[PDB]
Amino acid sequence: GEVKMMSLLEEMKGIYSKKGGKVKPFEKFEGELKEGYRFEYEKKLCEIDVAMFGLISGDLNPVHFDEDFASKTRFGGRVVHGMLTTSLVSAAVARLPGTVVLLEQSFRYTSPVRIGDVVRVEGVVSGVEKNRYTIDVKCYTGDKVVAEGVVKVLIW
């Protein structure tokens, strides 16, 4: 992995982008983390994201993949995996200043996310104990809440 990883990542990035995936250059936020620090992160979730999430996890639930199957359900169409939506929260907190590790997450999924939706993560730091930061998080498509909850991160 050392050189293997960044080489594999770069190789897969070129394929991923050509399949319609959005590349999010990785840049850390700045400022002083403390109660009330706010941040935001957004990404369009495309067919390739659903497919890749399915392969890496093994979650090939037809409700995310099969148009006629999903059309028959109460959702009336495919929906993105809920855990793909909230994967964006990992990306958002990873951009906080310092070295970031996830300790806790807790989400409720409130409305489905459709393929092609832009999901926006809004976080605000709510608690600080030593180097553990508690963060209130809501995920949106447009102005509609699609997930809500809390994460805790360790930041060195």
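All residue numbers are counted from 1 along the displayed sequence.
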query: 116 to 124 or 66 to 74, whichever carries the higher mean Cα B-factor; finding: 66 to 74
query: Mean C-alpha B-factor comparison - 144 to 152 and 7 to 15, higher one; finding: 7 to 15
query: Maximum C-alpha temperature factor, selected from 104, 49, 42, 30; finding: 30
query: Residue with maximal Cα B-factor (values as given in the PDB entry) among 95, 38, 130, 108; finding: 130
